[PDB]
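# An overview of the molecular structure
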Amino acid sequence: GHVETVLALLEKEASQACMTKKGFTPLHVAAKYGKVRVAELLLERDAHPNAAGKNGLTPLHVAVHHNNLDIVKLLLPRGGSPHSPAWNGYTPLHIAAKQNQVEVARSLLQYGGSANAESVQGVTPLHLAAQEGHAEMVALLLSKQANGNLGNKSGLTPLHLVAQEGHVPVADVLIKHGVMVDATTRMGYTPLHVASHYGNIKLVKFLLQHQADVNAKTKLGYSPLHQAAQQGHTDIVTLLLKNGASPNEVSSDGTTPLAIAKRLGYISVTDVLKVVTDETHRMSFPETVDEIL
Amino acid sequence: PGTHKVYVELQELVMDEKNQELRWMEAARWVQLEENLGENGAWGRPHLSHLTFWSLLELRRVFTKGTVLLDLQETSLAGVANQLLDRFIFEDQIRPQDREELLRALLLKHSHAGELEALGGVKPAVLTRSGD
Amino acid sequence: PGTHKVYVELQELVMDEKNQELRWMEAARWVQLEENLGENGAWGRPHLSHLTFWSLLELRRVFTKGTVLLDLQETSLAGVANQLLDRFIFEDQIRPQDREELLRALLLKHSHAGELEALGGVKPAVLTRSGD
């Protein structure tokens, strides 16, 4: 952050287009380290706000990633684009939504950031905000035209990610917005399926209170009760049975929830499903998002 | 300067059918001759630009009281939008309460014909007091 | 994480023999099976929990008009007792005069089986208008 040194070196022909091995111009370094005066001087004397390397990171990406509000508020008027995609397609509002930077996102949105912008795998900033459990961030984006019914390449909705991680307040905002409770992925998994799979019972209770299909079946015929039993969650087995879960239902693989139980030897899940199940090697896994920056 | 043919592009503030989000989409482009963009995303045959009477009437009406920024020293659309909105407010063209919604809109994504297939299409839209 | 298993401990307000001061001491514990604490000081054999008809009668009766505090953000037993007594007064469960001897009874020393050999014994006790 040596403003006078920057002014001298520049007056002597220093090139601000020289990128390090990582790909950072001197405006990238100022954005990373929050040097607002150096960034001010370097933008005034001609520095492309939207300069990027092989990774595609712009000075706004680094400013948002390192949470420099002043650098973002200086880059946006002069040209730092809210719509610049990284290598994985992440825009600067995807990083803001993932990291719960509410103010940086109100600035990134006031300059035209799209909340329904998609990564290479279809992930929107709403997906990242819902997955990370930022209810306030999800509400800002839902008021700037974010679609909560939009799905990624695998069909996963923000409600599906909420089910994967288990944030009740985010699911409350999503359900109040009008998000479909029983949205299905490519293979037919509902948010209730994902919540039963990952052992998030408070969200299972929430979805069942908001009219989720307890006996919903995937394309392979797996119920939210077959997932809870294949993952060993005995309390989701209970709460699902008590909310209408139907045992003796057979998937396309030919396995009922009590055998998936016995097959992986869950004594408690088998002990509870043994009482309700009458007398008579494939594992179901919901789709997941592997995106990371 | 100029005197040589120029590239003019017209863009309309529209909604997407995928997410129903306001965005900007090219409607026409002019290299001495107009081509229009179809719903399928294919530019049509070039033609001489014919105008409607109402369009020229209202263009004269808005140009007579228009807000002009000559020799403006900005190189980005964000700075141009900020200065144009400031001058709109100064000249009592728009109210100061309209500035936030107007800048965001003006700074929304300016998509083109290549992106039209990825979206579900383009339908007309009107900006509301929020930005919905 | 959303629901854990539960270890239950039952404690009764009893009189110790040596000092005649009323104190809380555990009587039975539930870890998937009930174990009772005898007079000698050793926990008995685990057994299935059989209930009397009158106990379930009275449990239903007191639960129907019972006071529940769900998701109460407090960490100490004294504060929990204060909040419970305030809600008891709010719900007309107890009169305000009863609050100071129910508080004084609630923060008595909670003893366990290890103190039975040190103490003379335990005898059933009732709480009088004063913490007597």
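Residues numbered from 1 in each chain as written, not as in the entry; some residues may be left out. Chains lettered and ligands numbered in written order. Part of a larger assembly, values for the part shown. Heavy atoms only, no water. Residues with missing side-chain atoms left out of burial classes, pairs and counts.

As annotated in the PDB entry, chain B carries the name Band 3 anion transport protein and comes from Homo sapiens. Per the header of the deposited record, the title is "Sub-tomogram averaging of erythrocyte ankyrin-1 complex".

Under the annotation held in the PDB entry, chain A carries the name Ankyrin-1 and is attributed to Homo sapiens.

So, on to the overall build of chain A. Counting secondary structure elements, chain A contains 17 helices and 0 strands. Relative to its length of 293 residues, chain A is extended, with a C-alpha radius of gyration of 24 Å against a globular reference of 19 Å. By principal-axis analysis of the C-alpha atoms, chain A measures approximately 90 × 35 × 25 Å. (Helix = DSSP H or I, 4+ residues; strand = E, 2+ residues; numbered from the N terminus. Rg over C-alpha atoms; globule rule 2.2 N^0.38 Å.)

Moving on: the overall build of chain B. Check the secondary structure of chain B and you find 3 helices and 5 strands. Counting helices and strands in the order they occur from the N terminus, chain B gives β-β-β-α-α-α-β-β. Summarising its shape, the C-alpha atoms of chain B cover approximately 40 × 40 × 30 Å along the three principal directions. Within chain B, contacts between residues at least 6 apart in sequence are counted, and of these 35% link residues at least 24 apart. (Contact = heavy atoms within 4.5 Å.)

Next up on the list: the pairing of strand β1 (residues 8-16) of chain C. All names here are of chain C. Judged from the 8 bridges that link them, β1 and strand β2 (residues 22-30) form a sheet pairing that is antiparallel. Within β2, the residue paired with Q11 across the bridge is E26. Taking the residues between adjacent antiparallel strands as the criterion, β1 and β2 are bridged by 5 residues, where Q20 takes a positive phi near 55 degrees. As paired elements, β1 and strand β5 (residues 122-124) share 3 bridges and run antiparallel to each other. Across the sheet, residue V14 finds its bridge partner in β5, namely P124. (Pairing = 2+ DSSP bridges.)

So, about the interface of chain A and chain B. Each side of the interface is counted separately: chain A has 5 residues, and chain B has 8 residues. Among the residues forming the side of chain A that touches chain B, the class breakdown is 2 nonpolar, 3 polar and no charged. (Nonpolar A, V, L, I, M, F, W, Y, C, P; charged D, E, K, R; others polar.)

With that settled, the discussion passes to the pairing of strand β2 (residues 22-31) of chain B. Residues and elements named next belong to chain B. Where strand β1 (residues 7-16) and β2 come together, 9 bridges link them in antiparallel fashion. Paired with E9 across the bridge in β2 is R29. What sits between the antiparallel neighbours β1 and β2 is a turn of 5 residues, in which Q20 has the positive phi angle 65 degrees. Note that β2 and strand β4 (residues 110-111) share 2 bridges and pair parallel. Looking at β4, one finds that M25 is bridged to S111. Where β2 meets strand β3 (residues 34-36), 3 bridges bridge the pair, whose relative direction is antiparallel.

In this model, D92 of chain B sits at a positive phi of 60 degrees, which is unusual for a non-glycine residue. Mapped onto the elements of the fold, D92 of chain B is located in the loop between α2 (77-90) and α3 (99-106). For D71 of chain C, which is not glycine, the phi torsion reads 55 degrees and is therefore positive. Residue placement: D71 of chain C occurs in the loop between α1 (53-64) and α2 (77-90).

All names here are of chain A. Assignment of secondary structure puts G221 in the loop between α13 (201-209) and α14 (224-231). Between the C-alpha atoms of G221 and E279, which are 58 residues apart in sequence, the distance is 20 Å. Not counting chain neighbours up to four residues away, the residues in contact with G221 comprise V250, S251 and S252.

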